[PDB]
Amino acid sequence: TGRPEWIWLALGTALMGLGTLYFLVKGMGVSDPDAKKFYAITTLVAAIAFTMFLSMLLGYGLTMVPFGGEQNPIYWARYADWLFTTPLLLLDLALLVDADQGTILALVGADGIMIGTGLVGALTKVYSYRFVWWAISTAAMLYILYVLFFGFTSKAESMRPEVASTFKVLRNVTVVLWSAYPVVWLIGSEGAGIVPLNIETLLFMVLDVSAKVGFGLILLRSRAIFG
Ligand SMILES: CCCCCCCCCCCCCC(=O)OC[C@H](COP(=O)([O-])OCC[N+](C)(C)C)OC(=O)CCCCCCCCCCCCC
Ligand SMILES: *C/C=C(C)/C=C/C=C(C)/C=C/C1=C(C)CCCC1(C)C
Ligand SMILES: CCCCCCCCO[C@@H]1O[C@H](CO)[C@@H](O)[C@H](O)[C@H]1O
């Protein structure tokens with residue numbers, strides 16, 4: 001009939017909006033140039049989330065895809081958000097540990113794949129191929145999560161305990177939250193259609209807010225971002 005997911009779009013909008021504005025204000029107040037690069041990335045992550053939630057709320061970034069004999073709604077704008085915001089989040093982790101330039105290029109890379117395949121999955125009309133795309137995307141994601149868990153922690157260990165242990169909290173936050181997205185896609189409106197669209201918007205919304213504003217509040221309050 002109508003669109004019951006709207007409420008969680010509206011609450012996502014509110015939350016990314018407040019977070020964007022809060023980061024903007026704290027970021028403008030501080031003088032340290034190193035701390036600033038973190039503000040700039042993190043305020044930008046939130047701002048993009050905000051604009052994409054707000055579009056969706058207003059009914060944009062939505063398409064119908066036929067698969068399994070039905071006409072099925074898919075919010076593709078969501079992938080336009082992730083395309084930019086996930087790699088910016090990795091750049092935050094990467095600058096915290098002084099990652100080598102070519103590790104960063106690998107992650108951004110893996111990441112582009114992850115979002116690009118997720119999206120193609122979300123629009124494929126042969127039901128089983130949707131899961132082929134989904135599996136590739138999850139493979140790229142695991143690769144990310146591996147490098148953050150093995151490669152970056154080893155890097156963090158070269159840093160003062162305070163930047164290491166901030167990194168550890170953020171790594172920990174990223175691993176738990178990111179590792180849930182594939183499960184939601186698989187069981188929700190984009191995959192098996194078990195969990196309906198409203199409940200799935202809710203879940204992604206909570207993961208997104210946690211993965212960006214939650215992440216942001218942890219980083220941007222740390223002494224670790226100061227030079
Ligand atoms: C240097 C010179 C360059 C030459 C010209 C090229 C410039 C083009 C830029 C990139 C092209 C993207 C096109 C686009 O369209 O973007 C993506 C999308 C909108 O989706 P859709 O329209 O197909 O949805 C369904 C369709 N149906 C609802 C209307 C029926 O959603 C989004 O990522 C964002 C939506 C808007 C963001 C909200 C904040 C500010 C918006 C103000 C302007 C809006 C004016 C109408
Ligand atoms: C602010 C948004 C965040 C941190 C979003 C993270 C999203 C992912 C790690 C997405 C992962 C996906 C898969 C692993 C496979 C299927 C489709 C994707 C895009 C949802
Ligand atoms: C109310 C919503 C507006 C959000 C403003 C987000 C600001 C994004 O961040 C911007 O990144 C620049 C690089 O281009 C940095 O060097 C800056 O400090 C900043 O202008």
Side-chain angles (χ1 to χ4, degrees), residues 12-13 15-30 32-64 73-93 107 110-124 130-145 148 170 173-191 200 203-216:
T13 301
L15 299 168
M16 296 300 186
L18 300 170
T20 296
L21 197 295
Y22 179 70
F23 296 166
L24 180 61
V25 175
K26 279 282 172 149
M28 274 162 87
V30 305
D32 182 270
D34 284 326
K36 264 244 189 304
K37 301 155 200 274
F38 295 101
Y39 280 92
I41 302 170
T42 312
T43 303
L44 184 55
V45 163
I48 291 167
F50 171 70
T51 81
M52 295 297 92
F53 271 103
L54 177 263
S55 296
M56 279 188 271
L57 183 56
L58 277 174
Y60 286 90
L62 189 55
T63 201
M64 287 291 102
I74 309 276
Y75 278 97
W76 65 266
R78 179 172 282 131
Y79 300 78
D81 161 350
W82 292 350
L83 189 58
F84 301 103
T85 62
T86 57
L88 287 168
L89 289 174
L90 299 171
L91 182 53
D92 267 341
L93 300 171
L107 284 173
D111 195 290
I113 303 182
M114 185 183 65
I115 297 310
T117 62
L119 172 56
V120 172
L123 296 50
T124 293
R130 300 176 61 92
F131 296 101
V132 167
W133 293 114
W134 172 90
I136 295 164
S137 169
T138 304
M141 191 234 216
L142 289 167
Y143 166 81
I144 286 161
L145 249 33
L148 295 189
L170 292 160
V173 163
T174 300
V175 166
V176 170
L177 294 177
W178 293 35
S179 75
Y181 284 77
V183 174
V184 177
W185 192 103
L186 179 94
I187 69 182
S189 85
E190 297 153 294
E200 163 166 54
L203 292 163
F204 276 136
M205 189 266 284
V206 175
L207 295 167
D208 290 7
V209 171
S210 297
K212 296 159 168 93
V213 176
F215 186 99

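Just so it is clear, the values below take in all heavy atoms, side chains as well, and ignore hydrogens, waters and symmetry mates. Whatever order the structure lists them in is the order used to number ligands and atoms, beginning at 1. Residue indices begin at 1 and follow the sequence shown.
A 6.0 Å sphere centred on CZ of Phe131 holds more than 12 heavy atoms belonging to other residues, nucleotides or ligands.
Atom 18 (O) of ligand 3 is flagged as protein-proximal [any protein heavy atom, distance under 4.0 Å]. Distances from atom 13 (C) of ligand 3 to the protein include no heavy-atom value under 4.0 Å. Protein heavy atoms come within 4.0 Å of atom 9 (O) of ligand 3. Distance screen at 4.0 Å: atom 1 (C) of ligand 1 has no protein heavy-atom neighbour inside the cut-off. Per-atom contact check: atom 41 (C) of ligand 1 does not touch the protein, criterion being a heavy-atom distance below 4.0 Å. Remark: atom 10 (C) of ligand 1 lies closer than 4.0 Å to no protein heavy atom. The presence of a protein heavy atom under 4.0 Å from atom 24 (O) of ligand 1 is confirmed. For atom 29 (C) of ligand 1, the protein comes within 4.0 Å by at least one heavy atom. Less than 4.0 angstrom separates atom 20 (O) of ligand 1 from at least one non-hydrogen atom of the protein.
With hydrogens and angles disregarded, a donor-acceptor distance shorter than 3.5 Å links the side chain of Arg130 to the backbone of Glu190. Looking only at distances, no side-chain donor or acceptor of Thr86 sits under 3.5 Å from a matching main-chain atom of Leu83. Looking only at distances, no side-chain donor or acceptor of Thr42 sits under 3.5 Å from a matching main-chain atom of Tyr39.
For atom 11 (C) of ligand 2, the closest non-hydrogen atom on the protein side is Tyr181 CB, 3.7 Å. Of the protein's heavy atoms, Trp134 CD1, 3.5 Å lies nearest to atom 16 (C) of ligand 2. The single protein non-hydrogen atom nearest to atom 2 (C) of ligand 3 is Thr20 CG2, 3.8 Å, given as residue, atom name and distance. At the top of the distance list for atom 37 (C) of ligand 1, counting protein heavy atoms only, stands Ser55 OG, 3.9 Å. With hydrogens left out, the protein atom closest to atom 17 (C) of ligand 2 is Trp185 CD1, 3.4 Å, a heavy atom. Protein heavy atom in closest approach to atom 20 (C) of ligand 2: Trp82 CZ3, 3.5 Å. When hydrogens are left out, the protein atom nearest atom 39 (C) of ligand 1 is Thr51 CB, 4.9 Å; that is the closest non-hydrogen contact. Annotation: atom 34 (C) of ligand 1 to nearest protein heavy atom, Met52 CE, 3.5 Å. The protein atom (non-hydrogen) at minimum distance from atom 15 (C) of ligand 2 is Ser137 OG, 3.2 Å.
Residues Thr138 and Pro182 share a closest heavy-atom pair of OG1-CB, 3.8 Å. Across all non-hydrogen atoms, the minimal contact from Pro87 to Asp111 is CD-OD1, 3.3 Å. For the pair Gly27 and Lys36, the tightest heavy-atom approach, listed with the atom from each and the gap, is O-NZ, 2.7 Å. Across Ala140 and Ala110, no two heavy atoms sit closer than the pair CB-O, 3.6 Å. The two residues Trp185 and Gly121 have their closest heavy-atom pair at CZ2-C, 3.7 Å.
Taking CE of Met16 as the reference point, atom CZ of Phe53 lies at 5.0 Å (rounded to 0.5 Å). Rounded to the nearest 0.5 angstrom, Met205 CE and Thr13 OG1 are separated by 9.0 Å. Note: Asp92 CG to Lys212 NZ = 12.5 Å, rounded to the nearest 0.5 Å. In this structure, CG on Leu148 lies 6.0 Å from CG on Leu93, to the nearest 0.5 angstrom. If you take CG on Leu89 and CH2 on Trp178, they are separated by 5.5 Å, rounding to the nearest 0.5 Å. Within the model, atoms CD1 of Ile187 and CD of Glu200 stand 8.5 Å from one another, a figure rounded to the nearest 0.5 Å.
Side chains of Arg78 and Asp81 form no contact here, defined as non-hydrogen atoms less than 4.5 Å apart.
Annotation for ligand 2: atoms under 4.0 Å from non-hydrogen atoms of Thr86 are 2 (C), 3 (C), 4 (C), 5 (C), 6 (C). For ligand 2, the atoms lying closer than 4.0 Å to a non-hydrogen atom of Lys212 are 1 (C), 2 (C), 3 (C). In summary, the atoms of ligand 1 found under 4.0 Å from a heavy atom of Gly61, numbered by their order in the structure, are 24 (O). Those atoms of ligand 1 with a heavy atom of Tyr60 less than 4.0 angstrom away are 22 (O), 24 (O), 28 (C), 29 (C). Applying the 4.0 Å criterion to heavy atoms of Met141 picks out, from ligand 2, the atoms 9 (C), 14 (C). Near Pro182, meaning under 4.0 Å from one of its heavy atoms, ligand 2 places the atoms 14 (C). Within the listing of ligand 2, atoms 4 (C) sit less than 4.0 angstrom from a heavy atom of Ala211. If you number the atoms of ligand 3 from 1 as listed, the ones under 4.0 Å from a heavy atom of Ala40 come out as 9 (O), 15 (C), 17 (C), 18 (O). Close approach of ligand 2 to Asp208 is summarised as follows: ligand atoms under 4.0 Å from at least one heavy atom of the residue are 2 (C). Using a 4.0 Å cut-off to heavy atoms of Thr43, the atoms of ligand 3 that qualify are 6 (C). Listed by number with element, the atoms of ligand 2 under 4.0 angstrom from any heavy atom of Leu89 are 4 (C).
For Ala77, the heavy-atom gap to ligand 1 stays at 4.0 angstrom or more.
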**Request:** Mind running side-chain contact (heavy atoms from CB on, under 4.5 Å) on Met28 and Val25 for me, showing each step along the way?
**Result:** CA-CA 5 Å; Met28 274 162 87; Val25 175; over 6 Å; no

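Ring geometry for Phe204 against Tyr181 counts as parallel: the plane angle stays under 30°, on a 0 to 90° scale with 60° as the upper cut.
Here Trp76 has side-chain heavy atoms under 4.0 Å from ligand 1, and that is the only part of it that gets that close.
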